[PDB]
Structure formats: C-alpha cells, structure tokens
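Please read the structure below before turning to the comments.
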Amino acid sequence: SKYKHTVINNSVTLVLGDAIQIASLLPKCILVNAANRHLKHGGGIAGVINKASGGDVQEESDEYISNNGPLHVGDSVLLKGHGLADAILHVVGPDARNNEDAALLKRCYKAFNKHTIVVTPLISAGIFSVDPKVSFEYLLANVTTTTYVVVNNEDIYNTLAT
Ligand SMILES: Nc1ncnc2c1ncn2[C@@H]1O[C@H](COP(=O)(O)OP(=O)(O)O[C@H]2O[C@H](CO)[C@@H](O)[C@H](O)[C@H]2O)[C@@H](O)[C@H]1O
C-alpha cells in the first residue's frame, strides 16, 4: 500500500522503488541479482547489492567462481542472502552489447519458478541494453511464481504499467 505498484496478473506485481528495500519488507523471499558470467559485482544492481552486504556477497561470489569457473549466459546460482533476503539468486542475463540474444532471458526467468516469493530487477534492462519492455514481456511469459518486479525509474514504470 505504501508503494506505487501495479498488479499485472496472479503472479507478477510491478513496483516503483528499491529492490533491496522491498526484499527487506518481506518476511521470506529470494532476491535476484542481475549478474555477469564471472559474478564480478562492480556496478549496476550487483554493485548496490554487494555494497548493501558490505562486500560479503563479492567474497562469496569469488569463492564460487574461483572453485567452479564462470557461468554461462542464461545460467543462475543460488547463494547466501547476507541479511538482504533468505538467499540471493544470481542470474546471468544476455548482454546485447556482446551480441547475446534476449531470448536467453527465458532461461533466466524460468529459474524463478521453484521459489515461493521472488524480488527481482528487470534482467538485462540496465547496461546489458535489452529494451525494458522486452525484458518485462519475457518475465510475464515465463514467471509463474509470486514475483515483485522492481524498477527505480518512474518513466519506465509508467510504460510497463500500461
Ligand atoms: N532496486 C533497484 N536498485 C537498483 N537498480 C535496480 C533496482 N531494481 C531494478 N534495478 C535495475 O536492474 C537492472 C539490471 O540490469 P542488467 O542485467 O543489465 O545489469 P548487469 O547485468 O549489466 O550488471 C552487470 O553489469 C556489468 C556486467 O559486466 C557489471 O559491471 C556488473 O557488475 C554486473 O552486475 C538495472 O537497470 C538496475 O537499475
């Protein structure tokens, strides 16, 4: 009630706000990180998540990658929550700057469905340069679990809330 939000369907609610704030307010959830293949959390929401954890997320990510190697585009890994959420699902969206196809978002978003409540940004809609409407369409097509999709730009919110 205390956020600008639009319920899209039985599963998906679009929220104008801060994903970390929204994950904090929910008693139980997974928070999704829009990550890169090497889980190097230098910027974007990955940066905000890592900094909110005081670097704990990067420490854990480094251990995962150091031992297990880089992820493939479209893959995800469930890691610890570091007090931000019950767990963080690191999802590697396609980077359009590197000619990676938006259709790989299908794989990203299908990974949500085994989790009861998910708080997510729009995957690949930041520097990975996928149209927010396209990302959101892939989300709605593939996500069947209770999901709060959080955007921090009112203009993008308004466009998607149509
Ligand atoms: N509450 C909220 N707060 C902040 N942002 C919110 C938000 N809710 C949604 N977002 C948005 O979520 C989006 C994520 O999109 P991307 O997949 O493009 O990020 P990316 O994969 O590039 O990050 C990766 O981008 C490059 C990859 O090389 C790396 O430097 C970086 O570390 C890695 O995370 C951004 O628009 C971000 O603003």
Side-chain angles (χ1 to χ4, degrees), residues 2-6 8 12-26 29-62 64-66 69-79 81-85 88-112 117-140 142-143 147-161:
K2 61 184 162 289
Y3 293 93
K4 276 185 174 173
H5 74 274
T6 306
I8 307 299
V12 178
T13 299
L14 178 61
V15 185
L16 178 60
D18 179 84
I20 290 181
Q21 192 189 96
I22 290 143
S24 189
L25 194 59
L26 287 170
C29 70
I30 300 318
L31 173 63
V32 175
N33 180 32
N36 56 42
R37 287 181 74 248
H38 290 87
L39 302 181
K40 303 295 183 67
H41 308 302
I45 196 171
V48 174
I49 286 170
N50 183 46
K51 293 306 282 193
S53 79
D56 295 350
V57 167
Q58 188 66 72
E59 284 275 326
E60 185 191 21
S61 292
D62 286 349
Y64 174 84
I65 295 292
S66 294
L71 291 154
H72 299 311
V73 179
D75 290 356
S76 57
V77 58
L78 192 70
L79 293 180
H82 304 284
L84 301 189
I88 301 168
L89 181 67
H90 299 264
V91 173
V92 183
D95 186 356
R97 300 172 305 167
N98 196 43
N99 208 231
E100 297 165 7
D101 199 278
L104 280 164
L105 287 168
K106 175 176 185 174
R107 293 189 180 176
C108 295
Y109 285 130
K110 287 251 182 193
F112 286 20
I117 295 174
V118 177
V119 178
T120 187
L122 283 169
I123 307 301
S124 295
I127 71 169
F128 278 6
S129 298
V130 170
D131 186 346
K133 171 55 86 186
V134 167
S135 185
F136 190 56
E137 282 166 354
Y138 273 107
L139 196 158
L140 290 179
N142 285 293
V143 174
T147 302
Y148 304 94
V149 188
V150 188
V151 304
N152 64 359
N153 183 302
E154 186 145 17
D155 291 311
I156 295 166
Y157 173 81
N158 290 338
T159 300
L160 296 180

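Side chains are part of it too, since the values below use all heavy atoms of this structure and drop only hydrogens, waters and symmetry mates. Whatever order the structure lists them in is the order used to number ligands and atoms, beginning at 1. All residue numbers in this chain count up from 1 along the given sequence.
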Exercise. Just distances here: any N/O of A34 and N/O of ligand 1 closer than 3.5 Å?
Worked result: yes
Exercise. Just wondering, do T120 and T147 contact through their side chains at under 4.5 Å, heavy atoms?
Worked result: yes
For this session: Examine distances only and state if a side-chain atom of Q58 and a backbone atom of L39 form a donor-acceptor pair shorter than 3.5 Å.
Result: yes
Exercise. Any idea which of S124, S135, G93 brings a heavy atom closest to atom 17 (O) of ligand 1?
Worked result: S124
Problem set entry | Closest protein heavy atom (residue, atom, distance) for atom 13 (C) of ligand 1 | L122 O, 3.8 Å
Exercise. Is the number of heavy atoms from other residues, nucleotides or ligands under 6.0 Å of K133 NZ greater than 12?
Worked result: yes
Problem set entry | Polar side chain donor-acceptor pair, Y109 to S135, under 3.5 angstrom | yes
Exercise. If we only count heavy atoms from C-beta on, is the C29 to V119 side-chain gap below 4.5 Å?
Worked result: yes
Exercise. Just wondering, are more than 12 heavy atoms of other shown residues or ligands nearer than 6.0 Å to CG in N99?
Worked result: no
Problem set entry | For atom 15 (O) of ligand 1, closest protein heavy-atom neighbour | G126 N, 3.2 Å
Seminar exercise, completed: Near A35 (heavy-atom distance under 4.0 Å), the atoms of ligand 1 are 21 (O)
For this session: Could you say whether the N/O atoms of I123 and ligand 1 ever approach to under 3.5 Å?
Result: no
Exercise. Has ligand 1 got any nitrogen or oxygen that is less than 3.5 angstrom from a nitrogen or oxygen of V150?
Worked result: yes
Problem set entry | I20 and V48, any side-chain heavy atoms less than 4.5 Å apart | yes
Exercise. Does some side-chain heavy atom of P94 sit less than 4.5 Å from a side-chain heavy atom of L105?
Worked result: yes
Problem set entry | Salt-bridge contact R97-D95 (side-chain N to carboxylate O under 4.0 Å) | yes
Exercise. How far is atom 34 (O) of ligand 1 from its nearest protein heavy atom, and which residue and atom is that?
Worked result: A46 CB, 2.6 Å
For this session: Please identify which atoms of ligand 1 are closer than 4.0 Å to at least one heavy atom of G42.
Result: 32 (O)
Problem set entry | Nearest non-hydrogen protein atom, atom 28 (O) of ligand 1 | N36 ND2, 3.4 Å
Exercise. Which protein non-hydrogen atom lies closest to atom 31 (C) of ligand 1, naming both residue and atom, and how far is it?
Worked result: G43 O, 3.4 Å
Seminar exercise, completed: Nearest non-hydrogen protein atom to atom 12 (O) of ligand 1, with distance, is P121 CB, 3.0 Å
For this session: Would you indicate which of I45, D18, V92 comes nearest to atom 37 (C) of ligand 1 when only heavy atoms are counted?
Result: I45
Seminar exercise, completed: Here the atoms of ligand 1 under 4.0 Å from any heavy atom belonging to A125 are 15 (O), 18 (O)
For this session: Within a distance under 4.0 Å of any heavy atom of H41, pick out the atoms of ligand 1 and give their elements.
Result: 32 (O)
Seminar exercise, completed: Ranked by distance from atom 2 (C) of ligand 1, the top protein heavy atom is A19 N, 3.6 Å
Seminar exercise, completed: Any heavy atom of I127 under 4.0 Å from ligand 1? The part involved is both
Problem set entry | Contacting atoms of ligand 1, where contact means under 4.0 angstrom from a heavy atom of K40 | 31 (C), 32 (O)
Problem set entry | Closest protein heavy atom to atom 38 (O) of ligand 1, given as residue, atom name and distance to 0.1 Å | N152 ND2, 4.1 Å
Problem set entry | Greater than 12 external heavy atoms within 6.0 Å of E137's CD | yes
Exercise. Is the shortest heavy-atom distance from the side chain of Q21 to the side chain of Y3 under 4.5 Å?
Worked result: yes
Exercise. Quick one: are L79 and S61 in side-chain contact, heavy atoms under 4.5 Å?
Worked result: yes
